[PDB]
Amino acid sequence: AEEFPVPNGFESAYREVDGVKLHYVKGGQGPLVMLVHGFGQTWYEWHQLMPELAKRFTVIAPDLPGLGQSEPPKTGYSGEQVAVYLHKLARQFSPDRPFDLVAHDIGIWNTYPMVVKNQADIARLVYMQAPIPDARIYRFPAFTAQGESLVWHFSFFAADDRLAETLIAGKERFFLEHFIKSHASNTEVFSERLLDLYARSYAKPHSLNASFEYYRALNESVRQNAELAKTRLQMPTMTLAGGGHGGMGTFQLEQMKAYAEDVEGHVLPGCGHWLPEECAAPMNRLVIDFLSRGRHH
Amino acid sequence: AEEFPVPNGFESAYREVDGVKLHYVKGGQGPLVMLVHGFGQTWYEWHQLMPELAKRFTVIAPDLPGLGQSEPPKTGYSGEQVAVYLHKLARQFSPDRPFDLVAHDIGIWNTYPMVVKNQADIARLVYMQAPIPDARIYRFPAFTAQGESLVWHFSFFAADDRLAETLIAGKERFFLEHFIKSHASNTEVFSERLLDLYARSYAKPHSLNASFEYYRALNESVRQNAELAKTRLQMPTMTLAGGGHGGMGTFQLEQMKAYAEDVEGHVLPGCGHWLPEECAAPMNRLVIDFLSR
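Chains A and B are the protein sequences, given in the same order. Sequential numbering from 25 applies to the first sequence in PDB author numbering. Sequential numbering from 25 applies to the second sequence in PDB author numbering.
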């Protein structure tokens, strides 16, 4: 069974990595690019970008441990632990050459440790729409002059007593529509049909729990990254952020400058958090162009 | 029947104020003291202070509009709108003399505008455990290195789509217990029976909604207070705050210094947000002494 339709010419498959069965969708030929999704979504957020990239690259889009059709991690949900699964998965398909990385939201959290610890394996890097876990996340406001703040969900999802699962179980479709649209500028792209697909996936009990375990490990990830960030990233990097409602704005690039020697950033106007869907044409163009500066098929 | 047991010597009663039927519990003789509860609770959070205060004062403890046994407001939930109801309720019982005011949590939000606009009516003021709505609330963090932050619930409760009511319905007791304990230092005061009583009250559908409409009006209250605060408070004021987990710490007094010319403050070590219950005896003593001197 497939939770989301696989694009023509791609394969849906699984690979055991350190005892954990990871789901991924793969296609194309050439150097490897791995695309890593974020909270509320699965590999499918990349499904419009993947066919274009696959004209030049081998493209792999995994489901994060516990999300989509991937089994939960056996070690833990901190960024350093999850990054091991993703690094090993990529190196199964690119064992002798560096690969490219694109990551969205908690995809960043779950890849930054393996990037900084294996810099020679990463040719080019694209990060969009979330802070790298560090002390900056403690400076975001709980409440703003407009209302809902961007990341009050950090506390909701991290709270003990399984607060978030207990309140959201049975209401997953309602909650995800609210979460997604409240973080969007171009809300109309989230049709009821698309929301149904995403909600069905993360309503699996182990996926609802896995979703929030990433946030329960967020302070551990911060502590990990305080050590790791003593080495700056040396490979070409690009950041993307939305400039509209739900977007990180200038924060994305300004934080990345503390992490990377070679970084260019873009803020996409009229786009919120969900760049692949809200602003597919300019986001796809920026990613394809940036990755095609390196050698490709 | 009554949602909470009434102390001996007090009466549970109702008064119509601007077409809204307000519930309150009243006892004692002497000058009037009005005690105003906050989120998650009702008049009952004052039930231990009320008999002691009633030895020297007439004491009235209303349910906020829409909460406890009080009808929802017919105007709105912003501080300036709600404060009219509470001001007129107090004036029904103390028309010829200024009265004292004690308020906890959103009781502050719901009384500050009538205090600042009717200063001759307010003899002494006690505020505990919540910011007055102003721009300072935009500086509290969404998340901390120890886990969930103190006031991320501001955003949760203010969200549209009836987010909070929809997620909490069917889980009202579970959520309230977590909310109370995550903002407490002393959790053992919250017996099963006490949690049951509070949960049953705010689980009434109009009370669950009313609870969060106070937060959906919070930015409006901030904007209102930006104009009202051009006039400083002149009556004797005391602030109380918990120094333990869930407490506001030094913030309570430091904010009040910007609002009030005559203010004293105390931080209670070992106490969290729910001062009348977590730290009943020292809180009661400090309030009684301040109002009695």
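In this text, a Cβ means the ideal position worked out from N, Cα and C, and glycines have one as well.
The bridge partners DSSP lists for residue 124 of chain B are B:57. Our two residues, residue 123 of chain A and residue 245 of chain A, have alpha carbons roughly 24 Å apart in a direct line. The alpha helix (DSSP H) runs lying completely inside the region 183 to 254 of chain B and spanning 4 residues or more are 187 to 192, 196 to 206, 216 to 227, 229 to 240, 242 to 252, given in chain order. Near chain B, meaning a CB-to-CB distance below 9 Å, the residues of the region 142 to 163 of chain A are 159, 161, 162, 163. About 27 Å separates the beta carbon of residue 81 of chain B from that of residue 97 of chain B, a gap too long to meet the 8 Å contact definition. At the C-beta level, residue 265 of chain B and residue 287 of chain B stay beyond 7 Å of one another. Around residue 179 of chain A, the beta-carbon contacts reaching into chain B at under 7 Å are 166, 167, 172, 173, 176. For residue 45 of chain A, the enclosing beta strand (DSSP E) starts and ends at 44 to 52. At least one CB of chain A lies nearer than 7 Å to the CB of residue 185 of chain B.
For residue 199 of chain B, the chain A residues whose C-beta falls within less than 7 Å of its own C-beta are 191, listed in chain order. When DSSP reads this structure, residue 86 of chain A sits in a beta bridge with A:48. Secondary structure of residue 266 of chain B (DSSP, three-state): strand. Those residues of the region 240 to 259 of chain B placed with their C-beta closer than 7 Å to a C-beta in chain A are 243, ordered along the chain. The count of Cβ pairs closer than 8 Å, one atom from the region 195 to 207 of chain A and one from the region 180 to 195 of chain B, reaches three, so the stretches are in contact.
Judged by their CB atoms, residue 149 of chain A and residue 259 of chain A are nearer to each other than the 7 Å cut-off. By the CB criterion at 7 Å, residue 134 of chain B and residue 106 of chain B fall inside the cutoff.
For residue 283 of chain B, there is no enclosing beta strand (DSSP E), as DSSP gives it neither H nor E. The Cβ atoms of residue 113 of chain B and residue 46 of chain B sit closer than 7 Å to each other. The beta carbon of residue 284 of chain B does not come within 7 Å of any beta carbon belonging to chain A, so the residue lies off that interface.
In its chain, beyond the 5 residues on either side, 208 have a beta carbon closer than 6 Å to the beta carbon of residue 298 of chain A. Cβ proximity to chain A below 9 Å picks out nothing from the region 219 to 232 of chain B. Across the structure, residue 284 of chain B and residue 64 of chain B are spaced so that their CA atoms are roughly 28 Å apart. By the 16-neighbour rule on beta-carbons within 10 angstroms, residue 33 of chain B is exposed. Under the three-state reduction of DSSP output, residue 30 of chain A falls in the coil class, being neither helix nor strand. Annotation: residue 128 of chain A to residue 222 of chain A spans about 16 Å, alpha carbon to alpha carbon. Listed along chain A, the residues sitting closer than 9 Å to residue 182 of chain B by beta-carbon distance are 167, 171, 172.
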